[PDB]
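Participant: First the structure, then my questions, so here it is.
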Number of protein chains: 2
Amino acid sequence: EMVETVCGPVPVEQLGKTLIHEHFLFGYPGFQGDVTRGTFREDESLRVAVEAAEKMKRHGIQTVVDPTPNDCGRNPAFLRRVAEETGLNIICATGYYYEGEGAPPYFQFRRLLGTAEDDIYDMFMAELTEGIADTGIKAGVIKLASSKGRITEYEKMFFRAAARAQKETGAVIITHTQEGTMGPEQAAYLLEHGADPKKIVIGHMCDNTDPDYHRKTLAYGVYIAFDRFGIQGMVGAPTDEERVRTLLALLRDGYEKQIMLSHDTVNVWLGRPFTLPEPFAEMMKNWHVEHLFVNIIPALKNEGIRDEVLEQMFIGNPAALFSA
Amino acid sequence: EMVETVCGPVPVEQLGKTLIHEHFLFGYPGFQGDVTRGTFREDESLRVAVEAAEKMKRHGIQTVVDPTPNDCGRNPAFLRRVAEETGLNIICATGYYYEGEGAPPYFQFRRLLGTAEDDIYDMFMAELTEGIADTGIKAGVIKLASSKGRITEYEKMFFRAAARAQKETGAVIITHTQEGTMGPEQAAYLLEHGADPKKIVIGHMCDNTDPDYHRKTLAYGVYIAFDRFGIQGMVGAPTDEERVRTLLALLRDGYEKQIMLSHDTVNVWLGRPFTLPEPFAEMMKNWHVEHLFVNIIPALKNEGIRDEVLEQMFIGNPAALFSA
Ligand SMILES: [Co+2]
Ligand SMILES: [Co+2]
Ligand SMILES: [Co+2]
Ligand SMILES: [Co+2]
């Protein structure tokens with residue numbers, strides 16, 4: 001009946017309205033090497049992160065799951081500062097990213113030593129049950145990620161280790177899927193290694209616009225997340241209009257007890273600042289923590305989606321997910 | 001007349017006996033994610049690094065070039081602690097590793113933004129002429145690295161930026177070659193982009209046992225390094241016996257003014273500790289900073305190599321390399 005947050009154990013019944021997937025900080029692996037020109041400005045970063053948290057609170061959000069991977073600049077102590085300042089519950093993750101935006105050399109080397117999968121399991125257990133570094137903060141979810149059209153040999157080590165850790169702890173698993181691929185495959189592979197579908201959220205499912213793909217994933221009894229609302233503009237990637245269309249089809253089928261919504265925001269980028277080209281920037285303008293509440297939810301309600309269904313997704317589902 | 005060390009400017013004439021390629025600290029990208037079980041313990045690490053420095057001093061070494069890449073745990077302030085304690089000159093690098101043991105996502109993303117190559121040049125210039133982070137330490141070399149059988153599109157950004165920075169600063173370039181490939185190609189590519197061959201060291205040349213490959217590289221007028229003595233058994237390394245065989249062939253051809261020797265030690269590993277299996281462990285037993293002096297140099301002298309040739313490699317060559 002408890003979940004580990006960056007401020008310690010909190011009753012699951014008190015989580016309330018939740019965003020299942022947002023980042024306060026995030027950096028692409030390699031950002032650390034660009035420290036001279038891409039300094040981490042902690043004060044300004046905290047101010048921005050706190051402002052984001054306050055924007056969430058204004059729409060009734062009480063809890064955020066921040067699944068920033070261990071190799072992507074995860075900073076539990078920083079998250080704790082945000083939570084202490086705002087009263088928001090923040091749940092962090094233990095896990096590594098997928099190969100293309102991860103840092104595989106370290107555990108690839110340990111794989112050559114023959115200990116990598118066991119080391120990963122040990123890491124998960126340490127961070128779920130003991131604490132991260134010297135912070136005293138425990139992770140509340142395991143973050144998994146796969147590549148485009150493939151769960152690689154490297155990635156599979158983490159999947160297997162995650163299943164082992166989940167069996168021992170009852171921990172929630174949150175995943176990344178790449179470019180609308182591998183949803184059913186992730187669910188199937190985790191379940192074959194004994195993971196509990198009621199403790200799994202298959203992420204970035206909104207990237208795929210074919211509802212049959214979602215239904216294949218939902219068939220495993222897992223949660224799915226439409227967690228990238230506001231991200232638009234890349235070549236073959238979907239629009240919010242497409243995301244909403246897909247979501248409406250699944251709600252019509254009665255899948256609301258398996259669906260959660262988020263934005264996958266990056267409120268503070270680690271490394272050097274950057275700007276997107278003007279056409280791309282305009283397309284990305286809705287990518288912020290208020291977008292679900294100001295734009296998407298009103299659109300769902302315009303289509304006749306009832307408040308009880310919306311409450312199921314934002315309140316009921318996180319409560320059920322984190323409950324034994 | 002001067003080179004930047006971790007303790008500031010030192011006259012090139014005062015560098016004396018030098019090891020061209022050793023790591024006080026090193027981690028494979030991703031080590032940061034295993035912080036809980038693999039925390040950097042600074043007091044013990046400093047004790048070990050200081051001991052390594054004292055071992056090198058006992059054999060007359062006055063200077064070490066530590067080319068730890070920016071994405072592999074480079075810590076200039078730590079190197080400065082070692083140097084302040086021991087009086088050893090330590091010269092550090094600016095650069096990123098090759099793809100397979102690097103963290104490319106960050107600069108791959110900036111390549112997509114259209115700024116990466118200019119950003120890398122900016123970083124090199126900042127770190128060579130201003131300082132690394134808030135340390136006040138300037139790098140004295142640029143570290144470059146290529147993959148097996150090719151210099152990738154990613155890697156080439158760094159090669160071009162390095163040639164540009166060299167033209168501007170006169171900085172020395174130190175390279176990594178992967179599995180005995182791309183020696184000639186690196187030299188050719190750098191010179192094509194205006195780099196000075198008398199300021200370039202093509203590294204890991206000892207991995208290749210065909211002296212024609214070395215002669216092809218040497219014809220560009222660059223330095224080469226047999227810089228991995230002690231590494232045998234693993235990663236396809238030749239044996240030290242094979243390294244010595246190749247080296248003797250080149251010294252007898254009269255190439256001593258273009259050759260330098262080192263071990264490429266990792267004195268303190270970043271991340272979780274590890275042990276090699278007993279067969280591998282035994283093969284790697286000589287991989288330490290005293291090996292060239294206790295074992296290899298005596299083997300060379302047993303093969304008729306004179307003190308004047310040895311002094312050319314360890315004293316004359318580094319002095320020439322770092323001189324205008
Ligand atoms: Co993701
Ligand atoms: Co994310
Ligand atoms: Co190397
Ligand atoms: Co090295």
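Chain labels A, B, ... are given in the sequence in which chains occur in the structure tokens; within each chain residues are numbered consecutively from 1, and ligands are likewise numbered from 1 in the order shown.
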Determine which residues of stretch 134-240 of chain A receive a DSSP assignment of strand (DSSP E or B), computed from the backbone, and state them as a ChimeraX atom specification.

Facilitator: /A:141-145,147,150,172-176,200-202,223-226

Participant: Collect all residues with atoms no farther than 9 Å from ligand 1, counting only C-alpha atoms and all ligand atoms, and output them as a ChimeraX atom specification.

Facilitator: /A:21,67-68,97-98,145,175-178,203-204,228,264

Participant: So that I can check the surroundings of residue A:223, please list as a PyMOL selection string every protein, DNA and RNA residue that reaches within 9 Å of it, counting only C-alpha atoms and ignoring chain neighbours fewer than 5 positions away.

Facilitator: chain A and resi 197-203+217-218+257-260+317+321

Participant: What are the nearest atom pairs, with distances in Å to one decimal, for all residues of chain A that come at most 6 Å from chain B, using only C-alpha atoms, set out by chain and rising residue number as CSV?

Facilitator:
residue,atom,partner,partner_atom,distance
A:28,CA,B:106,CA,4.9
A:29,CA,B:103,CA,5.5
A:30,CA,B:103,CA,4.7
A:31,CA,B:106,CA,5.6
A:33,CA,B:70,CA,4.4
A:35,CA,B:133,CA,5.9
A:36,CA,B:133,CA,4.2
A:70,CA,B:33,CA,4.4
A:71,CA,B:33,CA,4.9
A:101,CA,B:105,CA,5.3
A:103,CA,B:30,CA,4.7
A:105,CA,B:101,CA,5.2
A:106,CA,B:28,CA,4.8
A:132,CA,B:36,CA,5.5
A:133,CA,B:36,CA,4.2

Participant: Contacts of residue B:17 at 9 Å or less, counting only C-alpha atoms, minus same-chain residues fewer than 3 places along, as a PyMOL selection string?

Facilitator: chain B and resi 60-64+311+313-316+318

Participant: Just C-alpha atoms for this one: save the residues we selected as a CSV table (one decimal), in the first residue's frame.

Facilitator:
chain,number,residue,atom,x,y,z
B,60,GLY,CA,62.8,8.3,-14.1
B,61,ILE,CA,59.4,9.3,-15.6
B,62,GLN,CA,58.8,13.0,-15.2
B,63,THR,CA,55.7,13.4,-17.5
B,64,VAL,CA,52.6,11.4,-18.4
B,311,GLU,CA,66.3,7.9,-24.9
B,313,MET,CA,61.9,7.4,-27.9
B,314,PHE,CA,61.2,8.4,-24.3
B,315,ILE,CA,62.8,11.8,-24.1
B,316,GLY,CA,63.8,13.2,-27.5
B,318,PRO,CA,58.1,13.9,-26.7

Participant: Excluding residue A:22 and any residue of its chain fewer than 6 positions from it, enumerate the residues within 7 Å of it, using only C-alpha atoms, and give them as a list in words.

Facilitator: residues 64, 65, 66, 262, 263, 264, 265 and 266 of chain A
